[PDB]
């Protein structure tokens, strides 16, 4: 009884506990069974990234994304998408563009095409990811360099037009400490963009922790919430060593922040992690729930 973290988190008033996946996870291991039972939202591990979806200008690849969207619909799961504008996994045809009008239109087309395809089916998009340097200045990607800092407002405005139903998020990593310049900076810039009417509905904190860093998220998450977005989230969570303590502290940070809609982990089982040697996830290599999973369950159960 009372072993789904998603079901338990919803009972506490949150939207979901989610997980990244894709077609070949769904067809292998025990991923599909675990997601069916335990998780309420799925995100494309890779199939919606720019290198996967638009490998040459205007030529899109949607087989993988479609597979995930369909599976999520068939299994009654919410679906997230992203990242629409991101410097990593970004084809060389984009990064070679030097003309402002041409990159603006290429960016807008990428956004619009993905969001239109899935219009009305996607809870939330990560519209812009990893836009910040560690010092809090904006990262000098092709977007910044060629379009300028208006590429962020343009990306969100384009997204809202493409699918007004989706929650639109900015996401970044190393927003885990409240004193860190990057944390402070994304709040200040998101406040300013929202004051200019940019439709930033959420800040997503891509939470990749080392052992003992869970505690600090209890202060960093409320600070992100202070930017005034309707939502914030913990995304792509993983924790080197998968201490119960670190995991429960992240969880509780979300519970404590009224605008935090949920938490997503960056895969199901350790061996399928990008950092497997750190065993950073909630299920082991035999697909058994780990102590951290059980400690989340106890944390979320109610009297």
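Positions refer to the first chain, counted from 1.
Checked against the record, the higher mean CA B factor of 91-99 and 158-166 lies with 91-99. Relative to one another, 149-157 and 72-80 have unequal mean CA B-factors, and 149-157 is the one with the higher figure. The maximum CA B-factor among the listed residues 124, 217, 144, 232, taken from the PDB record, is found at 144. The PDB entry assigns the greatest CA B-factor among 40, 267, 44, 241 to 241. In the PDB entry, a CA B factor belonging to the middle third of its chain's modelled residues is recorded for residue 225. The entry lists a Cα temperature factor for residue 273 that places it in the middle third of the chain's modelled residues. Among the modelled residues of its chain, residue 51 has a C-alpha B-factor that falls in the highest third, as given in the PDB entry. For residue 21, the recorded CA B-factor ranks within the lowest third of the chain. Only modelled residues enter the ranking. The entry lists a Cα temperature factor for residue 31 that places it in the lowest third of the chain's modelled residues.
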